[PDB]
Structures are given as C-alpha cells and as structure tokens.
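As structure tokens, the structure follows; a few thoughts come after it.
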There are 2 protein chains.
Amino acid sequence: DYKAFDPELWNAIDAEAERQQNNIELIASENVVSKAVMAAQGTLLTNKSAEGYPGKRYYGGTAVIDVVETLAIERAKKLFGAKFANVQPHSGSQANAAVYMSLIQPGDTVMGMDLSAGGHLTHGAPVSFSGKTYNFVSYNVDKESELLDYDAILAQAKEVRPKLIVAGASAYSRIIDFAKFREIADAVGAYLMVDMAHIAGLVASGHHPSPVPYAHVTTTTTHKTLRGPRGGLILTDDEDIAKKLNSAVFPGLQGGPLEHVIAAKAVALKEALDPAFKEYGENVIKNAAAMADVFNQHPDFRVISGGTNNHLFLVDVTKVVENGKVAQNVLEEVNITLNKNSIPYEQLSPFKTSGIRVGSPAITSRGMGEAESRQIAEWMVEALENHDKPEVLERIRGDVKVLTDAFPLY
Amino acid sequence: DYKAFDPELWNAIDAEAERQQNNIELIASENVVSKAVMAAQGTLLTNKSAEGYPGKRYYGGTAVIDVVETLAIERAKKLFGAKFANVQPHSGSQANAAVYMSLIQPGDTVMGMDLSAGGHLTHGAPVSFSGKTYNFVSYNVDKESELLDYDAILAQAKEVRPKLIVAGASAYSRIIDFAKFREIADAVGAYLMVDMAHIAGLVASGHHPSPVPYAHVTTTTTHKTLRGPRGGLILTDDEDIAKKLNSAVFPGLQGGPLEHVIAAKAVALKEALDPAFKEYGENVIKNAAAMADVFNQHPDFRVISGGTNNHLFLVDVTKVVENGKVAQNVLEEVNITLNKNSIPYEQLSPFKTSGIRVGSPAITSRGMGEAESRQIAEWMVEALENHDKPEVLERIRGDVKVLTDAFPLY
Ligand SMILES: C[C@H](O)[C@@H](N)C(=O)O
Ligand SMILES: C[C@H](O)[C@@H](N)C(=O)O
C-alpha cells in the first residue's frame with residue numbers, strides 16, 4: 001500500500017531493521033525501545049500544533065493533547081519524585097539550553113565535567129552553543145584513582161566561583177554523590193544542574209541515587225537508559241524556577257512541541273514505573289560488570305577506575321592496538337559497534353583516543369544475560385589481539401551471528 | 001497487544017483521532033500528513049544515534065542511516081533546486097537559530113517582518129532567543145494597501161543597515177517578490193534569509209515563486225503546507241555557507257538527529273515531487289480564495305489586502321465581535337478552529353487582536369473543494385453575527401457534523 005509508492009525509502013528501513021538485528025550494539029547511549037513507544041510516535045498527534053502548555057494553549061482543539069501532555073508530566077513527576085516537569089524539549093541539548101537560559105546570563109561561569117573524563121558536548125565544548133555563550137571551566141577526576149574528588153572540585157569552585165555547576169557524564173562508570181555536589185554548590189553560592197541523561201533509567205530503576213532532591217534542576221534525555229523516544233525532559237522542585245524553565249523552552253527556544261513524541265514519552269515513563277523496569281536495571285548493572293570483569297582479568301587491558309557500578313565502562317586498549325579509533329574499526333568488522341573514547345588525562349589526539357567505551361543497555365534490552373555479556377567481551381579481547389588476522393575476525397563474525405540469531409531484536 | 005498495558009494513553013489517542021475527525025481545522029499552519037509519513041516516524045530508526053553527517057558520523061553501524069538521510073537531502077535539493085540541504089534541524093526554530101549562528105554575531109542588527117503583519121516569533125520577538133540575542137528592527141507593510149512596499153523597505157534598510165534581512169511571514173496573503181528582497185539586501189550589504197515555512201508547499205507545488213535562487217539561505221519547516229512531519233530544513237546554494245550551517249546545526253545547536261523523523265521527511269518530500277502535489281497546491285489556493293470571497297462580499301467584514309494569493313488570509317472582525325480572541329472562542333463552539341491574529345497596524349492588545357487568520361491546507365487535504373470552503377466561511381459569518389445566540393451556534397455545530405461526516409479524515 002503506502003510502501004509501494006516509495007520502495008527506495010521503505011527498503012532502506014527494512015535494511016536498517018536487519019542491520020540492527022545482526023549487530024551487537026555496545027554504544028552505551030543506545031537502547032531498544034518498545035513497540036508501543038514506536039507506535040505512539042507514529043500517530044496523528046503529529047497533525048496538531050500545541051504551542052503553549054496544558055490549559056494555556058495558543059490554539060483551541062487542544063483538550064485531548066492536554067490530557068496526553070499532562071499524563072507525560074504526571075508520570076515524570078511520579079517516576080522521578082519531582083514537583084514540576086516539562087516534557088516539551090526536543091532533545092537533551094534543548095533541555096540543557098533551556099536551563100542555562102533560566103538560571104544564568106550569557107558570559108557567566110559554569111563548571112562542568114571535563115569532556116575527556118565524561119563531560120557532554122552541551123557541557124561547554126567550544127564547538128557547542130554552550131561553550132560559545134557561557135564561560136565553561138571543566139573539572140576532572142583524580143589522576144591516580146580516576147574518581148571524582150569532591151575536595152578538589154570544591155577547591156576549584158572556590159577559585160572559579162561559578163554561577164552554575166553541572167554534574168553528569170557520558171563516560172564515568174562510578175556512583176555520583178549528588179549530595180556532595182549540592183554541598184559544593186552551596187559553599188560557593190552556585191546553582192546545581194544535573195544532566196542525568198546517561199543514567200536516568202538506573203535512577204528510575206532504583207540502581208543509581210537520584211539527583212532530583214539535590215539539584216536545583218535535573219535534565220535528561222528520554223532516550224538512553226530510560227529507554228524512551230528521543231527527546232528531552234526537565235525536572236525541578238522550585239516553582240519559580242519551573243516558571244522560568246517553561247518560558248525558556250517555549251517561546252524562548254522552541255515553537256510547538258512534538259505531541260506524538262510526548263505521547264511516546266508518556267508510554268516510556270509508564271514502562272519505567274512498572275516493576276519489570278527494576279529488573280531491567282539490575283540486569284543492566286550485572287551485564288556491564290560481567291563485561292568489565294573480562295577486561296579487568298586480562299593483563300593487556302585496564303578498565304578506567306578499575307570497574308563500574310553503572311551501565312558502562314572505558315578500557316585503555318593502547319597495549320594491544322594503537323588507539324581507540326583502531327579498536328572501534330576492528331570490532332565493526334565482527335558486527336560489534338562501540339565508540340572509541342578519550343580516557344582521563346588522554347595523551348593521544350581526540351580523533352584517536354586511548355580507549356573504548358562499552359555499555360550494556362541495548363544487549364540487555366534484547367534479553368542477553370551475564371553469560372552472553374562475558375562471551376561478547378571475550379570476543380572483543382580476541383578480535384583486538386588478532387586484528388591483523390582476517391581468518392580470526394571472520395570466525396568471530398560467524399560466532400557473533402549465532403548469538404544475534406538466538407536473541408531476536410523484535 | 002501493547003495498548004492493553006496503557007489504556008489511559010491509548011484511549012486518549014483514540015479520542016484525539018475522533019476529535020480531529022469532528023473538527024474543521026482552519027489554523028493556517030496545520031495539515032494532515034499521510035499514513036506513510038506517520039508510519040516512517042514510528043520505525044526503529046529511533047534506536048540509532050547518528051551524530052555527524054552522512055559518511056562523516058561519530059559512530060559505525062550507520063551505513064544504512066546514511067542512505068536514509070542522503071535520500072532526504074537529495075529529494076530536498078531536487079524539489080527545491082538547491083545545491084545543499086541539511087535535514088537535521090528538529091524544528092523551524094532550530095533551523096532559523098542555525099542560520100543566525102552561521103551568518104551573524106550576537107548583537108548584530110537584523111531586519112524582519114513586523115510581528116503584527118506576519119513576522120514569526122523567531123524573527124525577533126523579545127520573548128524568543130532571536131530577539132534576546134540579536135538586535136531586530138522590523139519592517140512593515142504599507143498602511144493603506146497592506147502590501148509590502150519594496151521602496152519603503154529599501155529606504156529603511158539604508159538607514160538601519162542590517163547585517164541580515166529576514167523575509168517570510170505567517171500571516172501575509174500576497175506573493176512575495178524575493179528578487180526584490182535580494183536586490184534590497186545587495187544594495188545595503190546584508191545577507192538575505194528567507195523563512196518559507198508557511199509557503200513551502202506552495203513553492204514546491206509551483207504556486208508561489210521560489211526564494212531559493214535569491215536567498216543566501218532558505219529555511220522551512222517540513223510540516224505546514226509542505227505536509228511533512230514536524231521538523232526543519234535548511235537550503236543554500238553557497239558551499240561555504242553550507243559548511244557553516246552544517247557545523248551550526250551539529251554540534252553547534254543540537255546533538256544527534258531524529259533519524260526516524262528524517263525518514264518521514266524523505267517520504268513527504270517524495271510525495272511533494274509527485275504531480276498530484278501540484279493539484280493539491282491548486283486546490284489549496286482555490287479553497288482559500290473561495291473562503292476569502294465570502295468575507296470580501298459581506299459588508300461587515302474586511303479581508304486584509306482585499307484577498308489572498310496563498311493558503312491563508314486575515315479578516316478584521318471588529319465590526320461584528322469585540323476582538324479576534326472572541327471570534328476564535330465563538331467558532332470553537334461550532335467545531336471550527338482558527339486563531340485570533342493581529343492585523344497590520346493593530347490597535348488592540350496582542351492578547352485580543354482585531355482579526356482572525358484562516359487557512360485552507362488542512363480542509364484541502366481532507367478532500368474539500370470550493371463549494372465546501374464557501375459553506376464553511378458562510379457558517380463562520382453566521383456564527384459570528386449570532387455569537388450571542390446559543391441555539392444558532394447549536395444549529396451550525398450540527399451542520400458542521402454533516403460536512404465532517406461526509407469528508408472522513410483518514
Ligand atoms: C541533544 C541530544 O538529545 C543528545 N544528548 C543526543 O543523544 O543526541
Ligand atoms: C519551531 C517550530 O517548528 C515552529 N515554526 C512551529 O511550527 O512550531
């Protein structure tokens with residue numbers, strides 16, 4: 001029917017479905033959404049423009065849109081224990097931009113986690129609007145432990161006097177002490193924003209402490225560990241802040257929201273409020289720990305910080321291949337996607353890096369367990385140690401295909 | 001059976017589908033997308049992170065995503081005749097922000113169409129990031145003709161000396177001369193950006209002159225007259241601006257793109273390349289002109305500029321009801337949604353306005369013709385003359401149901 005009209009597009013979508021089936025996805029930001037989240041996004045709510053907020057719309061015909069957006073807001077509030085939520089940001093970048101716009105002025109100093117240790121692009125990369133508009137100053141982990149050192153972060157905050165401190169990371173494997181971050185913010189009179197995008201599903205699942213009681217404002221993506229549609233979310237307990245956030249999102253940065261994506265956010269948040277989501281989060285944690293253990297045991301690989309207590313970890317591969325870029329290329333030859341990744345105090349260039357980052361959420365959402373996870377990391381050790389032996393990669397490829405065959409994506 | 005898990009969300013979606021069926025949508029921005037466009041947005045492409053651009057991605061496993069985005073880009077180029085396209089902006093607001101980031105600096109002077117005569121929020125409203133970051137000075141239409149006066153705009157531009165002139169409007173009913181806008185820009189050394197979001201479908205259908213050969217950069221939404229999914233699009237013929245635009249969208253303003261929405265853009269652009277789309281645009285123009293004609297003939301109503309040559313028009317309602325806010329609330333009683341709208345040189349407050357805006361794209365997409373269009377406008381005239389009279393509104397609401405029943409939405 002509708003696909004006969006555009007075979008080039010619809011065939012490419014079948015190819016991507018098959019590609020996702022035959023791939024072992026370890027990119028730590030990826031997940032596998034439910035059928036219901038996809039269907040929500042494919043509905044006729046896309047036809048209706050909803051500029052404004054529930055009960056305060058520009059346009060009539062919005063009573064039902066209002067029920068759907070209210071459901072998203074109420075479920076975010078319930079799941080994360082916050083008194084206000086805004087479900088309109090189109091992305092995590094828009095969510096973060098709305099928060100800077102609400103709490104600080106162009107030119108103010110912001111402290112964020114060093115891009116080599118886990119900081120996101122929107123936490124002050126010079127190539128980001130973040131870096132261009134505000135004065136970002138980065139904090140790092142300790143050189144020797146590779147852990148956050150809250151005394152060192154406090155001593156830097158006293159020198160730099162930020163207006164806003166950002167906590168959260170895309171490559172930190174350990175539990176963040178949000179209460180200490182709020183104590184640091186308090187000691188220098190800064191706001192604390194936490195970007196929980198990478199860990200939000202473990203926060204919902206109960207496996208990572210919540211930032212919501214400690215941060216002035218919490219942002220997140222609805223995708224990644226929370227396993228929702230791609231989009232943003234902002235949370236706060238402060239009603240004056242909530243009103244600034246609302247105006248910064250619309251009409252400050254966006255026009256009307258994507259109400260079909262907001263319906264998919266409502267669906268994903270009810271999935272996360274279900275008891276099975278806690279089990280999901282336990283398996284994320286155990287799968288990641290099983291893979292990190294293979295690299296820990298092995299003499300030629302070091303895990304940054306020695307391990308993980310979340311969904312991901314970094315590995316210094318440089319004793320085995322030249323750089324993380326090479327490691328990423330080799331593993332792509334066996335149907336395993338991950339990303340090269342700077343390690344703390346990274347010596348090589350950003351385009352090479354000394355490391356890979358590995359995450360467990362996608363394989364976990366396909367039903368894989370600890371045994372599979374250990375096996376995948378054993379395959380990665382093999383392929384990297386044998387990168388210039390085409391015979392070997394070929395056999396690992398065939399092994400990988402038996403595994404993917406056994407854990408159907410959908 | 002996913003709906004049985006969340007009946008509250010899925011019941012709300014069935015309610016909006018029914019509400020859309022029973023509504024006569026005349027909000028000039030709205031449309032009714034195809035089933036193919038909705039289906040595309042509901043695919044597993046949401047799972048795949050595609051930071052970067054085709055062949056230049058942060059991550060592997062992206063070869064097929066590259067085919068999908070390349071199709072969108074190529075179809076946009078071909079539909080609009082542009083040498084470069086970027087299909088990743090999440091909205092029209094992010095498209096425009098990326099253009100301003102690429103062409104000018106914070107604090108520079110920008111001329112845009114006055115917000116009472118049709119300039120968009122992102123062309124300088126003080127509540128927008130646009131208005132807060134840049135110095136916007138507006139041009140207007142001539143007071144007597146309500147037409148753009150290109151001589152008067154040149155004289156103003158010579159005084160103001162903007163770095164950037166923005167053309168495009170959300171409420172201007174007549175054909176814009178983009179060649180003259182570019183001659184004005186060239187005469188004062190400004191860039192020209194055209195936001196063609198409202199008219200993009202008419203540009204595509206052949207019914208409105210293309211800005212693409214004249215603007216340095218053209219932005220649009222993919223929704224509205226173009227009848228695609230919600231999102232943005234940028235076009236340019238200058239390779240050096242293309243490069244700056246690409247960096248501005250990512251990583252300047254956004255993270256990774258919504259690839260499932262990009263597939264839906266590819267779908268909508270192929271629909272618009274088809275000969276049937278020219279017939280759609282013809283109907284859009286005739287339907288709008290039939291509804292304007294009812295208000296033109298009637299003595300108590302005045303159409304701004306005396307009529308229309310696009311998808312929309314404005315009506316000064318103030319001889320019949322107090323303000324356009326009242327007119328919007330009255331017509332919602334009879335299942336007709338439109339929006340109040342400032343008219344040029346508006347005397348009332350922006351919360352009330354002297355006018356309504358009416359557009360044809362949505363009713364046109366449901367198959368209505370000139371006879372139905374004229375009938376709907378006669379109903380609006382009756383409802384507004386009888387706004388006081390609940391039993392008249394009741395009768396009109398029954399008549400609207402007969403017509404909506406006869407023109408099924410999907
Ligand atoms: C902005 C966006 O949501 C980003 N965090 C990403 O995953 O692409
Ligand atoms: C930013 C956005 O796309 C605006 N033009 C709208 O339709 O909502």
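Naming: A, B, ... by sequence-line order, numbering from 1 per chain. Every heavy atom of this structure was used, including side-chain atoms; hydrogens, water molecules and symmetry mates were not.
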Quick one: do A:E146 and A:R302 make a salt bridge, cutoff under 4.0 Å? yes

task: Ignoring hydrogens and angles, state whether a donor on the side chain of A:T364 or A:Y280 is under 3.5 Å from an acceptor on the partner side chain.
output: no

Margin query: What verdict does the side-chain contact (heavy atoms from CB on, under 4.5 Å) test give for A:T404 and A:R366, after you've listed the backbone C-alpha separation in whole Å, the side-chain angles of each residue and the deciding distance to 0.1 Å?
Written below: CA-CA 9 Å; A:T404 57; A:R366 292 177 91 150; 3.8 Å; yes

Verdict with supporting geometry, A:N335 and A:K401, side-chain contact (heavy atoms from CB on, under 4.5 Å): CA-CA 8 Å; A:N335 280 164; A:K401 181 185 172 42; 5.9 Å; no

Next on the checklist: Ring-plane angle category for A:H120 and A:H123, please: parallel below 30°, perpendicular beyond 60°, tilted otherwise.
Outcome noted: parallel

The reported gap from CG in A:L403 to CG in A:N22 (rounded to nearest 0.5 angstrom) is 11.5 Å

*Do the side chains of A:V330 and A:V326 get nearer than 4.5 Å, heavy atoms only?*
yes

OH/A:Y214: more than 12 non-hydrogen atoms of other groups inside 6.0 Å:
no

B:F250 and B:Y53 aromatic ring geometry - parallel, tilted or perpendicular at 30°/60° bounds: perpendicular

Which atom pairs, one a donor and one an acceptor, fall under 3.5 Å between side chains of residues 92-101 of chain B and the rest of the protein, sequence neighbours left out?
unit_1: B:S93; atom_1: OG; unit_2: A:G255; atom_2: N; d: 3.3
unit_1: B:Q94; atom_1: OE1; unit_2: A:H90; atom_2: ND1; d: 3.3
unit_1: B:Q94; atom_1: OE1; unit_2: B:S91; atom_2: OG; d: 2.7
unit_1: B:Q94; atom_1: NE2; unit_2: A:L253; atom_2: O; d: 2.9
unit_1: B:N96; atom_1: OD1; unit_2: B:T219; atom_2: OG1; d: 2.7
unit_1: B:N96; atom_1: ND2; unit_2: B:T122; atom_2: OG1; d: 2.9
unit_1: B:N96; atom_1: ND2; unit_2: B:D195; atom_2: OD2; d: 2.9
unit_1: B:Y100; atom_1: OH; unit_2: B:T122; atom_2: O; d: 2.5

A:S138 and A:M113 have their tightest heavy-atom pair at CB-C, 4.5 Å

For B:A85 and B:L235, the nearest pair of non-hydrogen atoms, with its separation, is CB-CD2, 3.9 Å

Q. Can A:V110 and A:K163 be said to form a side-chain contact (heavy atoms from CB on, under 4.5 Å), step by step?
A. CA-CA 6 Å; A:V110 180; A:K163 279 54 174 53; over 6 Å; no

Self-check item: NZ/NE/NH1/NH2 to OD/OE distance under 4.0 Å, A:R395 and A:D399
Solution: yes

*Answer with yes or no whether the side chains of A:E333 and A:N329 bring together a donor and an acceptor at under 3.5 Å.*
no

Side chains of A:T318 and A:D316, donor plus acceptor under 3.5 Å: yes

Is any NZ, NE, NH1 or NH2 atom of the basic residue among A:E25 and B:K48 found under 4.0 Å from an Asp or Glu carboxylate oxygen of the other? yes

Q: Kindly determine whether A:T353 and A:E346 satisfy side-chain hydrogen bond (donor to acceptor under 3.5 Å, both in side chains), including the steps that lead there.
A: CA-CA 7 Å; A:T353 80; A:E346 174 58 69; 4.8 Å; no

Please evaluate residues A:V160 and A:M111 with respect to the criterion side-chain contact (heavy atoms from CB on, under 4.5 Å), reporting the C-alpha separation (whole Å), side-chain torsions for both, the decisive distance (0.1 Å), and the verdict.
CA-CA 8 Å; A:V160 154; A:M111 271 178 70; 4.1 Å; yes

Quick note, salt bridge (charged side-chain N to carboxylate O under 4.0 Å, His left out) partners involving residues 83-104 of chain B, not counting sequence neighbours, are none

In terms of heavy-atom contacts, A:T222 and A:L226 come closest through O-CB, 3.6 Å

Ring-ring centroid check A:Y139 A:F181, cutoff 6.0 Å: yes

